[PDB]
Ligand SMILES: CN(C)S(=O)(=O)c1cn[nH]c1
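Next up is one chain by itself, shown in structure tokens, the form deposited without the named molecule.
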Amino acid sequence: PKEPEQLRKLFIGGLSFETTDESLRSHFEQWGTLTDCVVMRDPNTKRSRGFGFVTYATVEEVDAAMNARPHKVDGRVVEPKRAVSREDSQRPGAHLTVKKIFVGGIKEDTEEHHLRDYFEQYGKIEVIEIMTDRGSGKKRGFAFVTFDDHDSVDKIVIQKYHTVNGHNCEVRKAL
């Protein structure tokens, strides 16, 4: 019944070196129950590595925290990011932080408003590009959507399914 823990974590980059497990928790508990919260430190010096992780009890709590950005934690604006699968990563353990998606499988009957009406609930859209053939102008059956922020893309690509205009679509991070 609980969402997988991986989908409930936020990496928090850019921490003040004075941020502690306790102060990171106090801050992020404003948006949900935290089942875990840790500042990464050097194993010998105990000096902060400048990043940490928080784990919420639910995905809706992750969303609430992301919607409350920018977060100023102990005087410094931090960089929260949610996890995505390796298929949308540039190397194991690394986050491909992009604002654009490829949307495939939309065929020739899908229009800009279909993509806008669906994707606007993931984030603020800046560009919709329905791809057409360079020679004929016919729709090629794929599109790109650019958002104002990467978390929209991260939420999108972790869904198993996207149904747009009745088509089951393939969605991936782009560039």
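Residues carry their position along the shown sequence, with the first being 1.
Participant: Determine if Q90 is unmodelled in a third or more of the other PDB entries compared for this protein.
Facilitator: Yes, a third or more of the compared structures omit it.
Participant: Comparing 102-110 with 44-52, which stretch shows the greater average C-alpha B-factor in the deposited entry?
Facilitator: Higher of the two, by average CA B-factor, is 102-110.
Participant: Which is higher in the entry, the mean Cα B factor of 63-71 or that of 111-119?
Facilitator: Higher of the two, by average CA B-factor, is 111-119.
Participant: Which one of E29, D36, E129, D148 shows the top CA temperature factor in the record?
Facilitator: Result of the comparison over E29, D36, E129, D148: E129.
Participant: From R25, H167, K155, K160, which pick has the Cα B-factor that tops the rest in the entry?
Facilitator: That would be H167, according to the entry.
Participant: Among the modelled residues of its chain, does the C-alpha B-factor of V84 lie in the lowest, middle or highest third?
Facilitator: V84: CA B-factor falls in the highest third of its chain.
Participant: In terms of the CA temperature factor given in the entry, to which third of its chain does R172 belong: lowest, middle or highest?
Facilitator: Tercile = highest for this residue's CA B-factor.
Participant: For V78, return the chain-relative third of its C-alpha B-factor as stated in the PDB record: lowest, middle or highest.
Facilitator: As the PDB entry reports it, the C-alpha B-factor of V78 lands in the lowest third of its chain.
Note that the form solved in complex with the named molecule isn't included here; everything after this is about it.
Participant: Under a 4.5 angstroms heavy atom criterion, identify the one residue in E120, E29, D36, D109 near the named molecule in the deposited bound form.
Facilitator: It is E120.
Participant: Examine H167 and determine whether its closest non-hydrogen atom to the named molecule in the deposited bound form is within 4.5 angstroms.
Facilitator: Output for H167 is no: heavy atoms all beyond 4.5 Å of the named molecule.
Participant: What residues, if any, in 134-170 have a non-hydrogen atom within 4.5 angstroms of the named molecule in the deposited bound form?
Facilitator: Only a single residue, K155, comes within 4.5 Å of the partner.
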